[PDB]
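One chain comes next, on its own, written out as structure tokens in the form deposited in one PDB entry.
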């Protein structure tokens, strides 16, 4: 019951009882909160409730101190002082933004904007409040019971009436009942258990409701600039492969933290592994939110770093298959590759946090809490996709609001920028450079003359809210008959249901724009499917077309993005 005020640190016995996180609020701040919001329950050792028997007065503005006890206006003794007066609430040791975070439902973009523009202590309050709000929202969905199992990868389900049905995509990972986590894809549904089990008829599934721990560490530690490289010892014999990043690796040792904006295929992973070769004695912990992002760093390390000094940390509760070439769960290795949610409590000379656009302020704070480092490097791209905000339904979340690191990269600029894309044909590089990089992204490859665009709105159908465009898939099928080299293309769309229909009709491997992030393919066939804000999102658009090494076919719905594509137009 005794803590520090979550806005001005002034110690207090007061906590807000109406706040879902019950933050410690001081006398002067607690008052400013309760007088401005519907939040009136104040908590101490004992709550601020009318001590008189059978009285349900809990509002702190309607209460008084009757010597040492608390009473309402109807039960107070003559010698009683109001709890609320003179800009203070009676407490021991005797903000408009805090009120908005404390009371919002997290469905508006303006809520996330504030959660990033506010002070550092309010960013942590916003991050735990949001995550707890996101968790309690998991209880607000219906249960799915197994009616019949058709095969090892397909079954039928009975849904709970009254409670809404969750979207059947990769994003939502259910918990089977204790038969492990279970994913699904759209009455014939495709079941995918994270544990191979003979699905029982009668068994049911419920969403993974995890406990929101409190945040102690800031999203970003305070910046320190040094005159020399600190606690790190550079090589003189530096591989010419990594010579392009020498000045940036030196910048890394002369700052507490550094930001790196690496557009698609500009050398982010190469930069991260090369930092290990530049400071060969430094213990480095490689982290990211996803297992796929941690695995991509493991792949590059396997090629340049000694396999004996590496360890891939796998949480005992396995959710997907992982990188199996390093020693598993050896926390004391020089190189430790681990997802944020699985990080052990340890120290490092350098912490490298990759795919920074996918991180939330919650993850930024967890990393600062689980890892104590001499240097922190944040690598990613604010022009790529952020983490999904399941509660956000109104307004669009701009890149400067993804997290603290992205806010810095978009306002003051990144400390380091990888300006040459070595993956994409120049048609794609020139398009995304103008679209999201203010003409600063350069092409290393020449124009491939294999980048096509087709303006074809088609017909939009819906599998609930996930969209399908069968005519756009028809146009692709027609193109494939005339272009057999594209037989090896990966099909990409903004919708899982579009991808499910394309997988059956075209037989091409399928990927949503969001799941393709961090991956590359020689050929990519992209159908925009709709002209919604989701399918027209410039960050999603940038990720979609930058997956291609050689060629891309874009069947577009939006005139704007189609006209922006510096591709050869096709007819039919």
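Numbering follows the first chain given and starts at 1.
Does at least a third of the other compared PDB entries (those resolving both flanking residues) leave residue 317 without coordinates?
Across the compared entries, residue 317 is left out in at least a third.
Length class of the unmodelled deposited segment, which would lie between residue 94 and residue 95:
The entry has a gap there, with 4 to 9 residues left out between residue 94 and residue 95.
What is the count, as a class, of unmodelled deposited residues between residue 186 and residue 187: none, 1 to 3, 4 to 9, or 10 or more?
According to the record, 4 to 9 deposited residues lack coordinates from residue 186 to residue 187.
Out of 166 to 174 and 420 to 428, which stretch has the higher average CA B-factor listed in the record?
Per the deposited B-factors, the answer is 166 to 174.
Higher average CA B factor in the deposited record is what I'm after, so tell me if that's 12 to 20 or 544 to 552.
Per the PDB record, 12 to 20.
Among 258, 481, 116, 86 - the residue whose C-alpha B-factor is largest in the record:
Reading the PDB entry, the winner on C-alpha B-factor is 86.
Among 404, 248, 158, 269, where is the Cα temperature factor highest, going by the PDB entry?
In the PDB entry, the greatest C-alpha B-factor among 404, 248, 158, 269 is found at 158.
C-alpha B factor of residue 203, ranked within the chain: lowest, middle or highest third?
Within its chain, residue 203 is a highest-third residue by C-alpha B-factor, going by the deposited values.
Chain-wide C-alpha B factor ranking for residue 59, given as lowest, middle or highest third
CA B-factor rank for residue 59: middle third.
CA B-factor ranking of residue 253, expressed as a third of its chain:
It falls in the middle third of the chain.
Third of chain Cα B-factors occupied by residue 565
CA B-factor rank for residue 565: lowest third.
According to the PDB entry, is the CA B factor of residue 111 in the bottom, middle or top third of its chain, that is, lowest, middle or highest?
Tercile = lowest for this residue's CA B-factor.
Only in words, not in the display: the form deposited in another entry, which the text now covers.
Please find the hinge residue among 409, 353, 102, 311, where one rigid part turns relative to the other between this form and the one not shown.
Checking each of 409, 353, 102, 311, the hinge one is 102.
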